[PDB]
Ligand SMILES: [Zn+2]
Ligand SMILES: [Zn+2]
Ligand SMILES: [Zn+2]
Ligand SMILES: [Zn+2]
Ligand SMILES: [Zn+2]
Ligand SMILES: [Zn+2]
Ligand SMILES: [Zn+2]
Ligand SMILES: [Zn+2]
Ligand SMILES: [Zn+2]
Ligand SMILES: [Zn+2]
Ligand SMILES: [Zn+2]
Ligand SMILES: [Zn+2]
Ligand SMILES: [Zn+2]
Ligand SMILES: [Zn+2]
């Protein structure tokens with residue numbers, strides 16, 4: 006039965022996550038969580054996904070990704086942490102694509118996860134230099150564009166969420182760019198705004 | 006149900022505000038309240054906003070903003086406090102734009118919040134030097150212009166409130182500018198009056 | 006046909022400007038307007054400019070530059086705004102050089118734009134400190150000298166306009182320099198007057 | 006034994022204070038006294054505080070703080086002295102919070118120390134300019150509010166002491182504000198009275 | 006016999022520390038002390054640790070760590086010294102975990118060592134730039150969290166010590182962050198307070 | 006023939022200078038003029054310098070250096086312009102050393118060039134901050150010392166010129182240093198006067 | 006014979022110093038003098054140092070170090086010059102340790118050299134920023150501590166010289182630290198005074 010096997014997988018994943026978080030090393034915890042997410046996706050593609058077990062699969066993905074976001078908040082080297090965050094987000098997007106999102110609860114869960122991911126990413130990247138900060142923000146913009154192209158649902162709510170996270174990123178960039186000379190400010194602002202306009206056009210094309 | 010979830014959110018926000026206000030550090034309190042306001046806006050864009058729960062959402066926003074205004078009155082470094090006040094006001098305006106204001110009670114709530122915000126801003130900026138004071142007043146004028154462009158309602162009452170807060174700012178500026186030489190007075194008065202004329206034109210275009 | 010393509014470009018530019026000015030962020034509006042001005046110059050150098058379509062090209066340049074000047078008056082960080090104003094003015098001067106000014110109406114349009122630019126520059130730079138203010142005035146003097154070297158027309162009217170804008174700058178500098186000690190006044194006045202004498206010599210050589 | 010260790014600590018602290026006060030540099034003396042106060046608090050949180058050794062710990066704190074207040078009266082740069090006084094007062098309040106006040110002798114000791122601190126602060130800040138004077142008075146009001154929120158005891162005596170020190174500060178502010186124009190007087194008086202009303206409300210809430 | 010071997014190890018370690026401290030090069034002294042600490046831990050895991058020799062092992066660890074802290078105060082390159090301090094602290098925490106802390110004297114010894122370590126770390130990091138200073142403070146927060154997770158004892162005294170060292174770090178950060186613009190202050194304060202809240206939650210979970 | 010080749014070089018250099026000066030970019034003009042001066046020195050060391058063509062070579066150097074000084078007065082970034090000015094002066098000194106100065110006309114020419122260089126340097130560096138201003142003045146003192154060590158001629162006239170340019174620098178420094186606190190004034194004045202005494206002693210040793 | 010070889014070495018070193026000092030480049034002169042000092046130390050360790058040739062070796066060291074101090078006063082990049090000054094001082098201390106100081110004349114010579122070194126170091130470091138200035142002062146304190154640990158002689162005169170140079174450094178630091186905010190002043194003063202107390206303790210241990 007699909008539902009029973011999905012529930013067994015959920016219990017196994019919960020036990021594995023609880024075991025993993027006990028480690029004191031944050032980078033090791035992130036690596037094990039990334040491996041667990043990949044195994045969950047591999048299990049997803051090897052099983053039938055009907056309308057009964059979809060909620061359980063979404064809950065498994067949410068559990069692993071929430072643990073990963075907390076472990077990222079725990080700390081480490083910012084560049085490595087940001088790279089691992091991007092890899093985990095790509096795996097999560099692939100998993101959501103495989104499973105699919107139908108009901109409103111799953112949409113709410115994945116959107117809350119996206120908001121938390123953006124917040125954690127900005128919090129980690131606060132401590133870089135302005136040029137590396139702008140490069141990281143460009144990478145985050147690409148990731149958000151990919152996520153919103155994959156996801157399907159009500160266009161209006163998705164557009165509202167997209168605009169809100171974009172405002173968050175814009176506020177962070179504007180606050181950070183006050184540490185440099187006006188010429189560097191103009192250069193970096195032009196780069197950021199060109200990328201933002203492009204991703205807005207792409208997302209508006211995909212949603213509507 | 007929208008109404009039940011909105012009431013649950015209101016109770017949670019009230020509990021969080023009571024917990025936060027107990028801290029003795031005003032800057033930490035302000036930062037936590039700013040984070041809470043952002044989280045409230047995130048929750049707002051993730052749920053349906055019909056005519057039943059709109060009052061509850063406006064009440065949540067008013068609660069958080071009142072707590073923030075009191076914490077700003079508590080004290081700290083004036084420049085940091087003023088910048089945090091501007092950021093909180095921008096988040097509040099975004100939340101009001103998302104929720105929308107329909108009835109008279111919500112309009113009354115947001116207008117009293119604006120009046121209190123202007124009073125607190127002037128009170129905090131009283132202690133700067135004249136040039137930084139005029140720069141802060143220019144920032145406040147831009148914020149008020151943004152607020153009155155976003156808001157919708159009866160044009161006459163909105164115009165009356167706008168004129169009253171403008172008179173408040175003008176009186177504060179006139180009283181402060183008596184500490185400098187007449188040439189500096191002429192320069193700063195010219196800057197302030199040019200900005201005031203521009204914002205009056207913009208607001209009158211937007212309202213009517 | 007050159008005239009039809011010029012009119013189509015005028016309509017497209019008007020539509021783009023109207024779309025851009027709806028944004029609430031003044032710095033983003035300025036960046037988009039600068040990009041549009043550069044695109045207009047690119048279009049100008051790629052097409053034939055005879056005596057028929059010259060007026061339309063001058064009107065396109067005037068439209069974009071008027072929108073930029075208003076957006077600059079809207080507000081922002083003074084140093085960044087002044088830097089963007091200088092970049093826009095250089096792009097405008099290059100466009101005028103490419104197109105050329107023959108009739109009296111085009112000369113009137115460009116001279117009015119120059120007067121508005123000087124007024125906006127002084128208004129924005131009012132809020133700096135005296136040393137940065139004097140540096141900004143030096144930059145403005147170099148920009149005005151370049152503009153009057155590029156332009157061709159009746160020497161007497163051009164000299165009258167140049168003298169009037171110089172008097173405006175001198176009045177602003179004299180009013181601002183009353184906030185410092187007499188020794189700093191002597192230093193900054195010496196720097197300003199040396200630069201003014203040099204630019205007067207250069208402009209008088211170029212015009213006659 | 007707690008009592009014997011507390012008495013040994015008192016003897017060591019007395020010897021250290023006598024050794025430190027022999028230095029001719031007042032700022033260095035203040036820095037060493039701050040370090041000694043921090044070390045005393047560290048010792049306090051690392052040992053048991055019963056009803057036997059509480060008096061000895063209170064006398065240790067009083068000894069260090071009295072030495073600091075005399076050194077602050079000795080002289081130096083007023084802004085640096087005021088900042089060091091505020092830091093020392095906050096450390097003293099933390100130490101009192103850790104130890105606690107039960108008997109009447111300890112209450113009398115700490116209240117006398119607060120009165121001397123307010124007197125020294127007003128004496129040092131007499132020589133600033135009126136705007137910086139009002140800023141320092143606001144900082145002093147916040148410090149007094151924190152002290153009276155931390156302390157526990159008889160509400161009536163505490164309220165009497167609070168009202169008396171408030172009257173002292175008000176008299177100092179009124180006497181100082183006669184050196185400026187009436188408009189500056191109105192602005193600074195409004196700021197001071199708003200802050201005083203807020204702190205009175207907070208203290209009356211905390212005491213009763 | 007365990008006790009005799011422990012005392013022989015103590016004498017050998019004392020002789021080695023005295024021999025090492027005679028070197029004039031601070032970085033070389035720190036490296037030799039780190040090697041000696043690692044050797045002591047290796048010896049600890051190779052012998053039986055009962056309730057008789059535990060005090061001697063704790064005294065050996067305290068001796069080596071006190072020598073290391075003094076050598077770190079001696080001087081050198083701030084980044085290298087801070088990195089070596091973190092490595093030595095991790096080795097010390099592992100040694101304390103291996104040996105264990107049972108009586109009150111050992112707890113007092115290790116807590117005094119922690120206070121000294123925090124003071125030395127702040128003193129060394131005073132000379133960095135604000136961004137590197139905040140990064141160092143985050144690393145220190147992680148180190149303190151790991152220490153208080155490893156240690157076992159009376160929850161109340163441990164919590165008091167933890168709160169006091171947190172207040173020390175907070176005062177240092179607040180004093181340092183006055184050298185930057187308010188936007189940078191907001192960014193860095195948000196990062197610091199997020200990390201502080203996370204470590205407070207983790208420590209409160211571990212202790213209770 | 007040496008004289009004919011020198012005259013041909015003079016004509017070529019005049020043509021090149023006229024061609025270069027037409028550029029509107031001052032920094033590019035300065036870079037080309039520096040390259041031209043270097044090429045002139047290369048040509049000087051590659052040809053015979055008798056008493057016939059010495060005047061022509063001195064005139065070539067004076068032509069290029071006058072063009073460079075005017076281009077420096079035109080404007081740009083003060084730090085870049087000052088550094089380019091120092092390099093150009095060092096190249097000019099090397100050229101004068103290679104060619105040599107024998108008659109009175111050449112001495113008058115080079116001394117007038119030195120006076121103009123000092124005036125332009127002070128004019129450009131008027132707009133820096135006091136610490137960078139004093140650093141630039143120290144660099145100028147080293148350059149003047151090197152120039153007066155290389156040059157040969159009548160000791161009395163050279164000493165008079167050296168004293169006059171020193172008085173100009175001293176007046177500029179004294180007038181600038183009124184914008185800082187008396188402690189900073191004492192520090193910067195001590196540095197400047199130590200350097201001035203050293204260069205005076207060196208120049209008096211070299212001349213006599 | 007030791008004395009004849011020492012005198013021959015003195016003559017050779019005098020000739021080499023006279024040849025080197027003729028160079029116009031200060032950094033090249035300083036590097037050459039550093040190499041010469043190293044070669045002198047190499048020669049010192051390769052020959053017998055009895056009581057007859059000790060004076061000549063001390064005179065050789067004094068000659069090279071005086072030339073180096075003058076070259077450092079000549080000028081250059083402050084950071085590079087300070088680093089070269091520290092390296093030269095360390096080589097000089099090694100040479101003094103190898104040769105040894107017995108009579109009163111040698112002690113007077115080396116102490117005069119130390120006073121001149123401290124004066125030159127403070128003069129060069131006057132022009133840095135306050136944070137880099139304090140870092141340089143910390144490095145100078147370590148250098149002085151090493152010097153006074155190596156030297157042997159009458160404890161009272163050595164202590165008097167040490168106290169006097171410490172007062173010179175303290176006066177310089179106090180004068181410089183008036184250019185920053187009181188919080189930065191407190192941080193930097195705490196760092197400086199901690200280091201000064203540590204070096205005073207070390208020197209008092211070494212001398213007595
Ligand atoms: Zn965590
Ligand atoms: Zn957000
Ligand atoms: Zn309050
Ligand atoms: Zn009002
Ligand atoms: Zn406008
Ligand atoms: Zn005008
Ligand atoms: Zn006294
Ligand atoms: Zn009183
Ligand atoms: Zn030490
Ligand atoms: Zn402490
Ligand atoms: Zn020129
Ligand atoms: Zn002159
Ligand atoms: Zn010299
Ligand atoms: Zn001295």
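Protein chains in written order, with PDB author numbering: chain N, 6 to 213; chain D, 6 to 213; chain F, 6 to 213; chain B, 6 to 213; chain L, 6 to 213; chain H, 6 to 213; chain J, 6 to 213. For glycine and all other residues, C-beta sits at the position ideal for the given N, C-alpha and C.
Distance, residue j Cα to residue i Cα
{"i": "residue 24 of chain N", "j": "residue 103 of chain L", "result": "22 angstroms"}
{"i": "residue 16 of chain F", "j": "residue 45 of chain F", "result": "12 angstroms"}
{"i": "residue 50 of chain N", "j": "residue 95 of chain F", "result": "59 angstroms"}
{"i": "residue 197 of chain F", "j": "residue 139 of chain F", "result": "7 angstroms"}
{"i": "residue 107 of chain D", "j": "residue 127 of chain D", "result": "29 angstroms"}
{"i": "residue 90 of chain F", "j": "residue 123 of chain F", "result": "10 angstroms"}
{"i": "residue 34 of chain F", "j": "residue 75 of chain F", "result": "10 angstroms"}
{"i": "residue 217 of chain F", "j": "residue 201 of chain F", "result": "One cannot answer for residue 217 of chain F here, as it falls past the ends of chain F, which runs 6 to 213."}
{"i": "residue 54 of chain L", "j": "residue 48 of chain L", "result": "11 angstroms"}
{"i": "residue 210 of chain L", "j": "residue 162 of chain L", "result": "15 angstroms"}
{"i": "residue 194 of chain N", "j": "residue 70 of chain F", "result": "21 angstroms"}
7 angstroms Cβ shell around residue i - same chain, five flanking residues per side excluded
{"i": "residue 86 of chain J", "result": "77, 129"}
{"i": "residue 190 of chain N", "result": "182"}
{"i": "residue 52 of chain H", "result": "7, 10"}
{"i": "residue 80 of chain L", "result": "31"}
Closest residue to residue i among the options (Cα-Cα distance)
{"i": "residue 169 of chain B", "options": "B/35, B/121, B/12", "result": "B/121"}
{"i": "residue 6 of chain N", "options": "N/70, N/28, N/22, N/57", "result": "N/57"}
{"i": "residue 97 of chain B", "options": "B/190, B/167, B/155", "result": "B/155"}
{"i": "residue 158 of chain L", "options": "L/144, L/142, L/116", "result": "L/116"}
{"i": "residue 206 of chain J", "options": "J/146, J/27, J/173, J/41", "result": "J/146"}
{"i": "residue 160 of chain L", "options": "L/208, L/131, L/42", "result": "L/208"}
{"i": "residue 167 of chain J", "options": "J/179, J/144, J/177, J/152", "result": "J/152"}
{"i": "residue 171 of chain F", "options": "F/27, F/66, F/188, F/143", "result": "F/143"}
{"i": "residue 132 of chain H", "options": "F/133, F/131, F/132, F/137", "result": "F/137"}
{"i": "residue 61 of chain D", "options": "D/26, D/13, D/29", "result": "D/13"}
Contacts around residue i, its chain only, beta-carbon distance under 6 angstroms, and the 5 residues preceding and following it disregarded
{"i": "residue 73 of chain L", "result": "38, 93"}
Using a beta-carbon distance cut-off of less than 8 angstroms, what residues from the stretch 101-121 of chain N approach chain D?
-> Correct list: 113, 116, 117, 120.
Tell me the start and end of each unbroken alpha helix (DSSP H) in the stretch 89-132 of chain J that is at least 4 residues and wholly inside, in chain order.
-> As far as the stretch 89-132 of chain J is concerned, its whole alpha helix (DSSP H) runs of at least 4 residues are 109-130.
If you measure beta-carbon to beta-carbon, which residues of the stretch 172-185 of chain L are closer than 7 angstroms to chain J?
-> Those would be 180, 181, 183, 184, in chain order.
Could you name the residues of the stretch 77-103 of chain D whose beta carbon sits closer than 8 angstroms to any beta carbon of chain B, in the order they occur along the chain?
-> Residues 78, 79, 80.
Which residues, in chain order, does the stretch 131-158 of chain D contribute to contact with chain B at a C-beta distance below 7 angstroms?
-> Listed in sequence order: 131, 132.
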